[PDB]
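Quick notes on the structure that follows.
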Amino acid sequence: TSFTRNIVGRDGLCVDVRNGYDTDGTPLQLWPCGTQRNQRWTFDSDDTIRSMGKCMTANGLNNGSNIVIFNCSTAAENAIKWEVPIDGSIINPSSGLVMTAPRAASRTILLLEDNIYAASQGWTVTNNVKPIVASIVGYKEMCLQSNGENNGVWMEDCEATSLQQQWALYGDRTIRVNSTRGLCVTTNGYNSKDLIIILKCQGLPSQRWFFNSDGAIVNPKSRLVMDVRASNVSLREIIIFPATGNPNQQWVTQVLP
Ligand SMILES: *[C@@H]1O[C@H](CO)[C@@H](O[C@@H]2O[C@H](CO)[C@@H](O[C@@H]3O[C@H](CO[C@H]4O[C@H](CO)[C@@H](O)[C@H](O)[C@@H]4O)[C@@H](O)[C@H](O[C@H]4O[C@H](CO)[C@@H](O)[C@H](O)[C@@H]4O)[C@@H]3O[C@@H]3OC[C@@H](O)[C@H](O)[C@H]3O)[C@H](O)[C@H]2NC(C)=O)[C@H](O[C@@H]2O[C@@H](C)[C@@H](O)[C@@H](O)[C@@H]2O)[C@H]1NC(C)=O
Ligand SMILES: *[C@@H]1O[C@H](CO)[C@@H](O[C@@H]2O[C@H](CO)[C@@H](O)[C@H](O)[C@H]2NC(C)=O)[C@H](O[C@@H]2O[C@@H](C)[C@@H](O)[C@@H](O)[C@@H]2O)[C@H]1NC(C)=O
Ligand SMILES: *[C@@H]1O[C@H](CO)[C@@H](O[C@@H]2O[C@H](CO)[C@@H](O)[C@H](O)[C@H]2NC(C)=O)[C@H](O)[C@H]1NC(C)=O
Ligand SMILES: *[C@@H]1O[C@H](CO)[C@@H](O)[C@H](O[C@@H]2O[C@@H](C)[C@@H](O)[C@@H](O)[C@@H]2O)[C@H]1NC(C)=O
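With the deposited numbering as the guide, the letters of the sequence shown map in order to residues 1 to 257.
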């Protein structure tokens, strides 16, 4: 069984076989999303990921290796098999390494690296290649709000016209300021009680998030979750904290018109 999708990652750019060339060994790169065949990836039961009839292929199996296009039958079986874990990683199970966009720019070549749960290692397999713009509603049915670069995020009464309450949910599993998409919801550290702020997107593990099945927003590296500090909205502090199941750790996205 198979299905075809784009693969969206860092900065909303897509996995692209350079200029539609399919010569074995051509590096895969980031490029703005489109519908051309060199961004259309077919996922099959054999765990291959194919474009133009050739495979997404690990050029070697150690950290820092290139990912390239390659003839499926002549490439090593270990090099051409991939899985897609629920948290947005794309993993080569033979090596345990994960697909990585080591820099943000278009034309960045993609690498296989040790998983560090970086935003540079988050991907979304989808035909919708535009970020989803949403409100993020939490404790006391208030809305998460941005308050400028380098400042804390916090909760306020929802307002449909408030630009500061609008979030672009990018394919790399980042949560961006919708009006200023170079800025990311960022934990200022990986320890319990570290503050959530807005910082320039830099592909960091502190900028990667996962909306889990329990209503939590999880930072995969820390394992900790977004938390309205001390269940007190007047503190105007959102932190990471261990998952407790409490209402101050529950969030829902609401798509905006
Ligand atoms: C798993 O594989 C990963 C991908 O290869 C490894 O990550 C790389 O590790 C490289 C080091 O081995 C690292 O390269 C160096 O990066 C230095 C910093 O560059 C940044 O900052 C610069 C400003 O100061 C800026 O210009 C850059 O754009 C970067 O933002 C850089 O200074 C180093 O260059 C010095 O030394 C070289 C000599 O080798 C000089 O040529 C250079 O002028 C300068 O004097 C160096 O850059 C590399 O230089 C050689 C060139 O061929 C390379 O292309 C160039 O990158 C590189 O940044 C990262 N890449 C990524 C994606 O992170 C990873 O290594 C580890 O993790 C990194 C972050 C680092 O902490 C390493 O020490 C860790 O080992 C691998 N994992 C493991 C466990 O090995
Ligand atoms: C919830 O957050 C509020 C903002 O920090 C707290 O109010 C502040 O409490 C301070 C005590 O450390 C006190 O000096 C301040 O006067 C007060 N207000 C501001 C704007 O700083 C609040 O503290 C308690 O609850 C409210 C209802 C007030 O009665 C306070 O005086 C209480 O100490 C925080 N705590 C709770 C549990 O609500
Ligand atoms: C979120 O930000 C986006 C991107 O800036 C806004 O979408 C743009 O809006 C203008 C006016 O409608 C359009 O001309 C552009 O084509 C849009 N750009 C992109 C990149 O799609 C949008 O208004 C913002 N707010 C919401 C609720 O999405
Ligand atoms: C991968 O390499 C093998 C052997 O070196 C080629 O036979 C493949 O050729 C392709 O598949 C066969 C079925 C035939 O239709 C041929 O015309 C195709 O090009 C090659 N695979 C590709 C996609 O280049």
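Yeah, the Cβ is synthetic: ideal placement off N, Cα and C, and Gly gets one too.
DSSP, reduced to helix, strand and coil, places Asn78 within a helical segment of the structure shown. Distance from the CA of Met142 to the CA of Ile116, rounded to the nearest whole angstrom, comes to 32 Å. In the displayed model, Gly182 falls within a strand according to three-state DSSP.
In the three-state reduction of the DSSP assignment, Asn19 falls in the helix class, which pools H, G and I. Beta-bridge partners assigned by DSSP to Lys200: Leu183. A direct Cα-Cα distance of roughly 17 Å separates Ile49 from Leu61.
Placement of the Cβ of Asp172 at a distance of 7 Å or more from every heavy atom of ligand 1 is found.
With a threshold of 7 Å, the Cβ atom of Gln165 does not count as near ligand 3, since no heavy atom of the ligand is closer than that. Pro32 and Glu149 have their C-alpha atoms roughly 26 Å apart. Assignment of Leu256 by DSSP, reduced to helix, strand and coil, places it in the coil class. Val129 is bridged by DSSP to nothing; it lacks a bridge partner. In the assembly as shown, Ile86 is an exposed residue. Its beta-carbon has fewer than 16 other beta-carbons within 10 Å. Per the C-alpha coordinates, the member of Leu235, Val185 and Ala134 positioned closest to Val218 is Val185.
Uninterrupted beta strand (DSSP E) stretches at least 3 residues long and entirely within the stretch 39-64 occur at 41-44, 49-51 and 54-58, given in chain order. For the stretch 100-178, the continuous beta strand (DSSP E) assignments of 3+ residues that do not extend past its boundaries occur at 111-113, 124-126, 132-137, 143-145, 154-156, 167-169 and 175-177, in sequence order. Using a Cβ distance threshold of 8 Å, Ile197 and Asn191 do not count as a contacting pair. Here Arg40 is buried. Its C-beta has 16 or more other C-beta atoms within 10 Å.
In this structure, the alpha-carbon of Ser231 lies about 15 Å from that of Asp157.
Secondary structure note for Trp251: it is in no beta strand (DSSP E), with a DSSP letter that is neither H nor E. Out of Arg208, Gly152, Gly34 and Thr26, the CA that lies nearest to the CA of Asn66 is found in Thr26. Annotation for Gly20 indicates a beta carbon at 7 Å or more from all heavy atoms of ligand 4.
Per DSSP, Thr1 is not a residue of any beta strand (DSSP E), being assigned neither H nor E.
Restricting attention to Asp194, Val17 and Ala168, the CA atom closest to the CA of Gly182 is found in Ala168. Between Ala134 and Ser120, the gap from beta carbon to beta carbon reaches 8 Å or more. Looking at the DSSP output, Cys14 bridges to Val8 and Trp31. In the three-state scheme derived from DSSP, where H, G and I count as helix and E and B as strand, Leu195 is classed as strand.
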